[PDB]
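# Residue-level structural notes
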Amino acid sequence: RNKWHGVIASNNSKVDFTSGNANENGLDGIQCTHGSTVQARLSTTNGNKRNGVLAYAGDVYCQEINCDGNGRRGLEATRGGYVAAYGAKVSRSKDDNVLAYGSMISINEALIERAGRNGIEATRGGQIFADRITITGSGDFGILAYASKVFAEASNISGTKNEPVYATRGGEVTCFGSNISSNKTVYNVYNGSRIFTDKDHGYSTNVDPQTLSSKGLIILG
Amino acid sequence: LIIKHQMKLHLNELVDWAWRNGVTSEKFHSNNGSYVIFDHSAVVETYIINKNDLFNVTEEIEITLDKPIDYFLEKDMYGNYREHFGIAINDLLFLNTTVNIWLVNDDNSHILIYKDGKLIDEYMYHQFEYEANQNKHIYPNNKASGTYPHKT
Amino acid sequence: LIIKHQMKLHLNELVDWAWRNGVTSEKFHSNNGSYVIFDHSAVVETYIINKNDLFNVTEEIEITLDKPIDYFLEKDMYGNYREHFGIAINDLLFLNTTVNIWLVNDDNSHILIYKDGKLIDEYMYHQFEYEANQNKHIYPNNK
Amino acid sequence: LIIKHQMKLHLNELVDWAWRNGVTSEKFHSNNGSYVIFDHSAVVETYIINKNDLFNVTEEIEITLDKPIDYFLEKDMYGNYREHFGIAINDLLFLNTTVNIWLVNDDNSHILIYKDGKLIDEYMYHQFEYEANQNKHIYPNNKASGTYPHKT
Amino acid sequence: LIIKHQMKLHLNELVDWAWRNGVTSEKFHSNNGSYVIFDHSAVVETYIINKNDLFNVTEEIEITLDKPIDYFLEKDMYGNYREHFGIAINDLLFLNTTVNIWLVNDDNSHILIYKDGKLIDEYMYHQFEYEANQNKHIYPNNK
């Protein structure tokens, strides 16, 4: 219920939030700024007027951080931040669930549902890691890329509105063994961006399977 | 044998617990930052408290032969199992025959409290409390049920 | 069929009831002048609510043969009384000999809902009168 | 605990009620303008009284432990329901076990009069009397059963 | 499903247990500082192990409906408690009315393994909460 952020670490400072709650605040639930690192292993940060957690050129380390109903990006890293959350459970974010903004985010087995926009997104450089991430009920896209790479060795994107996975202006989506389920074209490529995946499940593709084009190359093999 | 028990209670449960275990004056904060203030054992000031708000309260449950126990299970020396609600251990007609008595924790989990004719000490009770329900998976469910109330 | 029952609940019971049967915005008062306010289903304000304070609340229950009843009482033709929990009126195995059914209202009060094979609203409760038409007779006057 | 009870009675019922509850001298008017005059508890003068004429009379029924109650229902602490006709509440052999007692009103409608070991006060009784039979629909039937008797 | 139980065994019981559940090389300690050493499943060294010395040993038991259980206790819906020896959970003739099954752990302790038709790990133990979405309402401020 604070006017500004819930817990903030700034200018090379450490804070530990092992199971604490940062709810209802008028700004970002947890924010690291300029090299500071907070640790939120099992925190609960839901309902805030802004991002559930933000990394303004600082590190955030989580294990099963809970987010819900935040006013904007549930997890966000920018200007060199790094948000690590092996089992983050984000949901019901008004904007993007988790967005990497020129920085790296590591959600290996996150389960994220009912986003108001893209399930995950890596815009303006940066990378996002994923191993068995579960998307459900996304707003626009299950996965998105803007000159940025997203790795998902397996996934379960479902209930997405427009397109399961989208790649633009470069950037890979190494979604190999994904169990995607959607009516629209599954794998999408635009403006010279690559996608790599398996051929075990026949999924609709925007471009011919394994040939170059003006749009990027796909390897359905 | 006094056992701390930390729990999270909604507003109704918190009010009930506070009035049963008399609190003269105290402020209870919630999960989502809302608070309720008791003054002279009467509710005075409550912030914006939504449903499903959780308040943390620790209550001491003491296990003694003379005081009543809400729910326990008794095994006779012959082999009969019986259950007793809200009576003290000494209130049994023939405590001579009783061999073992297990407390019941509303999870259908039994914790041994009485064996070999004597109460179980505090540390063995802690061991049994850890030991009774090891593989207890609780349903994971999270709803914020709130947003910064003011216009900012 | 709508049954209205007035009850008296302490603060904890009042809060549980109000959150269970959603109330958006309204103020409940008590005997000693203490009050509580719900606004958008949130407890905004409370004013010196001591214990043993009784808030009077009216409650509407829809009664229907298909809908289950929390706690009702049935009386047969012979005279045997029984009580049932969480069972719809149509669910009873022996409705052939069931003459009356009341609803036990947690205050130990009794409200009739079923009378002689019909819901109480459908029953008509005939009065008594000797059968005869208009007299239409001219009588002598004493004046 | 005295309860007013207003009712409409035919000539036979009115005469019976008057003679049971002794009336020294009084004139009772009817629905249709006919009247009956009691003098010295004996019927003296009756106007032209047709069948189905209704007389309004108010009688006081007082509910007390010591005086008999015509029809009540008793619930034991064990869970047994019994009905008693025309005996006082104190006349029960073991009033100790009795938990609740409801008056019966010939409409198969129960009104709580005895709970928690004490009688129900007058105002709670009025509340329960309103509350017991809310959705009681009475058959609507109107017959004039009369005409201005004289030749005019 | 893996159940871990800590027990206290004298030297003879400890030796029997260790040789029964093969241990290659490890040292067991006791309360009074006495210790015993197994090396390649042989008792190489013992150090002043008096009687009534309790060695604390943790034991892992795999619990599965097919695998038989040494000693368990079952509770029906009505309330009857019974005990069974050397019988798999699936083997019980009346699993229809069996509500709970605990494992009697030779210390007279009780560990829940079966709850309402499922193993305890499969059961999810739903909590309680009133159903409602986010408030998302702007409230006046008192400042």
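Residues numbered from 1 in each chain as written, not as in the entry; some residues may be left out. Chains lettered and ligands numbered in written order. Part of a larger assembly, values for the part shown. Heavy atoms only, no water.

- Judging from the entry metadata, cryo-EM is the method by which this structure was determined, and 3.58 Å is the reported resolution.

- As recorded in the PDB entry, chain C goes by the name SGNH_hydro domain-containing protein, listed as coming from Staphylococcus phage Andhra.
- What the PDB entry is called, per its title line, is "Upper tail structure of Staphylococcus phage Andhra".

- If you check the PDB entry, chain B appears there as SGNH_hydro domain-containing protein from Staphylococcus phage Andhra.

## Description of the environment of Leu-112 of chain C
- By secondary structure assignment, the location of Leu-112 of chain C is in strand β9 (residues 110–115).
- Classification of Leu-112 of chain C as buried rests on a relative accessible area of 2%.
- Once the C-alpha coordinates of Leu-112 of chain C and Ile-49 of chain C are considered, the two residues, 63 residues apart in sequence, prove to be 35 Å apart.
- The contacts of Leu-112 of chain C, once residues within four sequence positions are left out, are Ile-101, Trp-102, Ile-120 and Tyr-125 of chain C together with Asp-107, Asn-108, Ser-109, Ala-132 and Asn-133 of chain D. (Helix = DSSP H or I, 4+ residues; strand = E, 2+ residues; numbered from the N terminus. Buried < 20%, exposed > 50% of the residue type's maximum accessible area, 1.4 Å probe, protein only. Contact = heavy atoms within 4.5 Å.)

## Examining the packing of helix α1 (residues 11–20) of chain B against helix α1 (residues 11–20) of chain C
- Between α1 of chain B and α1 of chain C, whose axes approach to 8 Å, the crossing angle comes to 170 degrees. One way to sum up the angle between α1 of chain B and α1 of chain C is to call them roughly antiparallel. Where α1 of chain B abuts α1 of chain C, its residues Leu-11, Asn-12, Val-15, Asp-16 and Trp-19 of chain B lie against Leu-11, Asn-12, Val-15, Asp-16 and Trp-19 of chain C.
- Across the contact of α1 of chain B with α1 of chain C, the residue classes break down as 6 nonpolar, 2 polar and 2 charged. (Axes fitted to C-alpha atoms, helices over the stretch in contact; angles between N-to-C directions. Parallel < 35°, antiparallel > 145°, perpendicular 65-115°, else oblique. Nonpolar A, V, L, I, M, F, W, Y, C, P; charged D, E, K, R; others polar.)

## Remarks on the sheet that holds strand β4 (residues 43–47) of chain E
All names here are of chain E.
- Here 3 strands make up an open sheet; going across it, the order is β2-β3-β4 and the pairing antiparallel. On the outer flanks of this sheet lie β2 (25–29) and β4, each paired with one strand and no other. Averaged over all neighbouring strand pairs, the angle between strand axes comes to 10 degrees, with direction disregarded.
- Two strands pair when backbone bridges link them, and β2 and strand β3 (residues 35–39) are joined in this way by 5 bridges, in the antiparallel orientation. Bridging from a neighbouring strand, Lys-27 pairs with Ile-37 of β3.
- Packing of helix α1 (residues 11–20) onto the sheet brings it into contact with β2, β3 and β4, and relative to β3 it is tilted by some 20 degrees. (Pairing = 2+ DSSP bridges.)

## Some points on a nonpolar patch on the surface
- A cluster of nonpolar side chains, contributed by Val-44 of chain B together with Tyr-47 and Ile-48 of chain C, occupies part of the molecular surface with about 250 Å² of accessible area.
- Secondary-structure assignment places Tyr-47 of chain C in strand β4 (residues 43–47). (Patch = residues over 30% accessible without salt bridge, like charges linked within 9 Å, V, L, I, M, F, W, Y side chains within 5 Å. Areas by Shrake-Rupley, 256 points an atom, 1.4 Å probe, with all protein chains shown as cover. Salt bridge = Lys/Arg side-chain N within 4 Å of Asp/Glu carboxyl O.)

## A closer look at the arrangement of the chains
- When C-alpha atoms are compared, chain A and chain C, though not in contact, are closest at a spacing of 15 Å.
- There is a clear gap between chain D and chain E: no contact, and 19 Å between their nearest C-alpha atoms.

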